[PDB]
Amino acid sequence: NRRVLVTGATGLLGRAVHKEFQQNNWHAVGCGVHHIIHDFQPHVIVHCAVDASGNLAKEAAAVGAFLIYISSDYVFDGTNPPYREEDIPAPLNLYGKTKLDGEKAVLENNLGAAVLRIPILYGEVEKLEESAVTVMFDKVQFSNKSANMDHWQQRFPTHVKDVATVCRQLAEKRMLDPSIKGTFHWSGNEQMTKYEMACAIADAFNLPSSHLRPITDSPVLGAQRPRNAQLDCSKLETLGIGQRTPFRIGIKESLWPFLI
């Protein structure tokens, strides 16, 4: 009788996490929440999102639940990759600052909580817009118009199923190890720009890619972005935790229903 509560269970990552636990002998309940936490008494809470997060950390502490707060590589300035969990964060934008404030809010209100920083995600989306990787597909698929692709920012596309497996593995290790707490990193091992991802998508579905224009210049509009906020995963790898899907396989599985 192992119980897990997955917040944001309707989202891309939430659905993968909920299903990973459920298919591996866990009684999984998903939220699309203080009453649910008392009635279910979950052993583990996987939070997919600051005042609410900090309040959820208190609720988790009160029932003795292992809380996993999902965070981002955007907490780092991406000037000196790779980034260890012991490295000092320096968020360049509001997204990174909110995630870092979220982490602090959780770790300050729950001493046994874990933070899992992950990079750009993709998976079996219901809508192309659900992922910043999958939203590109129609620009790749249709060659009638030239399409500018970022070839400046270094990313590590990670399958939500990899993040889901790591969440379950971290939760299962914690069950027999109370030292499992603090900050953790998980990421795919393939360094790719949006242009390199578009190229990999084109090749996976045997599509023409000559209409794709790589933009190698630094951004000139919008919020400041980390060039290479690569996460090092030695911490989890030493613990025997991890799963990594090759992008060319993971993106084929994910985008197959949207091929026109």
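Heads up: residue numbers just count along the shown sequence, starting at 1.
- Query: When you step from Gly32 to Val33 in this entry, do you jump over none, 1 to 3, 4 to 9, or 10 or more residues of the deposited sequence that have no coordinates?
  - Reply: Gap between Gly32 and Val33: 10 or more unmodelled residues.
Does the deposited sequence hold unmodelled residues between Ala200 and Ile201, and if so, how many: none, 1 to 3, 4 to 9, or 10 or more? Nothing is missing.
Can you let me know which of the two, 88-96 or 120-128, has the higher average C-alpha B-factor in the entry? The stretch with the larger mean CA B-factor is 88-96.
Of the two stretches 166-174 and 142-150, which shows the higher Cα B-factor on average in the entry? In the deposited entry, the stretch with the higher C-alpha B-factor mean is 142-150.
Notebook entry, point to check: For the listed residues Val106, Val160, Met136, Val75, which one has the largest C-alpha B-factor as given in the deposited model?
Noted result: Across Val106, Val160, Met136, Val75, the entry lists the biggest C-alpha B-factor for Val106.
**Top residue by Cα temperature factor, when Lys235, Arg227, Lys194, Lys58 are compared in the entry** = Max CA B-factor in the entry, restricted to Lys235, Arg227, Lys194, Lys58: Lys58.
| Relative to the other modelled residues in the chain, which third contains the C-alpha temperature factor of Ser254: lowest, middle or highest? | Lowest third of the chain for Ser254's C-alpha B-factor.
message: Using only modelled residues of the chain, where does the Cα B factor of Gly112 rank: lowest third, middle third or highest third?
response: It belongs to the highest third of the chain when residues are ordered by C-alpha B-factor.
With respect to C-alpha B-factor, does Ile37 fall in the lowest, middle or highest third of the chain as deposited? For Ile37, whose C-alpha B-factor we compare with every modelled residue in the chain, the answer is the highest third.
**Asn24 CA temperature factor, ranked by third within the chain** = Tercile = highest for this residue's CA B-factor.
query: Looking at the C-alpha B-factor of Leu231, is it in the lowest, middle or highest third of its chain?
result: Its C-alpha B-factor, which the entry lists for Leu231, ranks in the lowest third among residues of this chain.
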